[PDB]
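A single chain, nothing else alongside it, follows as structure tokens in the form deposited in one PDB entry.
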């Protein structure tokens, strides 16, 4: 089964700022990382949301609606692992 060693860390983000959510997973085969925001897979087609590397998710110019829980999903045919962090976004 895939094992998540370092998971996303909770953070307070200001509106229009930039936040990064990283994730490190171990296993044979090499686990694939997927991101879920409030039970819905993070879009691969948003100009501001970039899935940099397998395990790193960057969100530039943060909206108020970006508030929620982000889940890091490590996938291989031998199982699946999850790690969650809540990201809150308030105005100035």
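So that the term is clear: the rigid core is the largest set of C-alpha atoms that superpose within 1.5 Å between two forms. Positions refer to the first chain, counted from 1.
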query	finding
Segment of higher mean CA temperature factor, 60-68 or 33-41	60-68
Top Cα B factor in the deposited entry, candidates 15, 25, 73, 21	15
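The discussion below concerns the form deposited with a partner chain bound, not included here.
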{"query": "4.5 angstroms heavy atom contact with its partner chain in the deposited complex for residue 19", "finding": "yes"}
{"query": "Touches its partner chain in the deposited complex: residue 41 (any heavy atom, 4.5 Å)", "finding": "no"}
{"query": "In the deposited complex, residue 56 touching its partner chain (heavy atom, 4.5 Å)", "finding": "yes"}
{"query": "Residue showing a 2 Å-or-more C-alpha displacement between the shown form and the other one once the rigid core is overlaid, selected from 54, 43, 67, 58", "finding": "54"}
